[PDB]
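The form deposited in one PDB entry is given below as one chain in structure tokens.
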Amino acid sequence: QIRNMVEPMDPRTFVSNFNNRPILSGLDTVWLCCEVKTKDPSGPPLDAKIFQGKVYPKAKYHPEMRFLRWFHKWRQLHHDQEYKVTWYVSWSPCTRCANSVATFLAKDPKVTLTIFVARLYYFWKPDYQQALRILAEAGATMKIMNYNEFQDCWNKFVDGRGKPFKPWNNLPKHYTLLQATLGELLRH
């Protein structure tokens, strides 16, 4: 049970940065909730951690970059086998980071990433639209966080204090918008 493997983030912090209002400003931070497993989806969570970084460049200090460096040294300490990573990230990847995660997934065919985004990041600038396409073109499975993944993220990475998940009104309103957007953007 990964609640001990990580240093769970604050409830007032989660409700703020994982709010899925598609157009939102005032959140300068992107929170990545990481989780490593084997080619199995049914066994134990093998390792887990929470990265965070601020959005202004350099992109070398972004929570998807902190992951890529961490997972490089971590892959060394464990045996060569197929891994299944999955992210619960607050904002979608930026443009430079999407290129890094693509070069990574390309070199290393044993890992297969799955990113759940709470919000799509600059879904209107066409640079960021091809960033999402770059990822799904490298093998990364891109999805929108729905009620289950918001809940499953609360249980696993928060000071839940046994408290159960409290969903805001307009969650599936925003979900239907964001899924359909990600659906159109990835379409080719």
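Only the largest set of C-alpha atoms that superpose within 1.5 Å between the two forms is called the rigid core. Quick note: we count residues from 1 along the sequence shown, nothing fancier.
There is another form of this protein, the form deposited in another entry, and it is not shown here; the text below is about that form.
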Practice problem: Align on the core first; then indicate which of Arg69, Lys163, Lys125, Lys54 has a CA shift of 2 angstroms or more between the shown form and the other one. | Solution: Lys54
Quiz prompt | Rigid core fit then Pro22 CA moved by 2 Å or more between the shown form and the other one | solution = yes
Quiz prompt | Inter-Cα distance between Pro57 and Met9 in the other entry, nearer or further [3 Å or more] | solution = closer
Quiz item: Hey, the CA atoms of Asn99 and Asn19 end up closer or farther in the other entry than in the shown form, with the change being 3 Å or more?
Solution: farther
